[PDB]
């Protein structure tokens, strides 16, 4: 079987947190769709790297369901994800069907904005903790990667590989994750 992943790309997204998971998941044989929040046009990321999405979020959502919905970080990117009604719908449906939801660095704050996974233990970038914890709807963790059921979170660009490999393990198992990890030269 071939798992499917939806990565939602918005203006201001952290490019490393977008590309590392996309790349690693594809190395794991996961069919990944990089969906542009604003449409099919190129997206200017946080450090000006411009990525051309595979399709618009509008079209991509029509090709669901996905085994995992991935939310990259980047403050401005996360804010755009948090303000999107389309994102809210996708996350609510994914949660309802018991599908994996993964967010990294500032990305988890989008879960808060859409009231997703309340009651879960989560982590975020240290600078995004206060925002994420507003209201005490989650229990905070300092672990590099935190997985509480179907809510998988991570802390920053530097934890992107661990984050991606955790997604791979959840979808394709520990063996596949180990096989994909080796050639990456991660110590």
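Numbering follows the first chain given and starts at 1.
(request) Higher average CA B factor in the deposited record is what I'm after, so tell me if that's 91-99 or 68-76. (result) Stretch with the higher mean C-alpha B-factor: 91-99.
(request) Name the higher of the two by mean Cα B-factor in the PDB entry, 118-126 versus 54-62. (result) That would be 54-62.
(message) Can you tell me which of 150, 132, 28, 49 has the maximum CA B-factor listed in the PDB entry?
(response) Out of 150, 132, 28, 49, the record gives the largest C-alpha B-factor to 150.
(request) Ordered by C-alpha B-factor within the chain, which third holds residue 1? Give me lowest, middle or highest, please. (result) Its C-alpha B-factor, which the entry lists for residue 1, ranks in the highest third among residues of this chain.
(message) How does the C-alpha B factor of residue 32 compare with the rest of the chain: lowest, middle or highest third?
(response) Ranked within chain, residue 32 CA B lands in the middle tercile.
(request) Compare the C-alpha B factor of residue 86 with those of the other modelled residues in its chain, then answer lowest, middle or highest third. (result) Highest third, going by the recorded CA B-factors of the chain.
(request) State the tercile, meaning the lowest, middle or highest third, of residue 186 with respect to the CA B-factors recorded for its chain. (result) Its C-alpha B-factor belongs to the highest third of this chain's values.
(request) Please place residue 40 in the lowest, middle or highest third of its chain by C-alpha B factor as given in the entry. (result) Its C-alpha B-factor, which the entry lists for residue 40, ranks in the highest third among residues of this chain.
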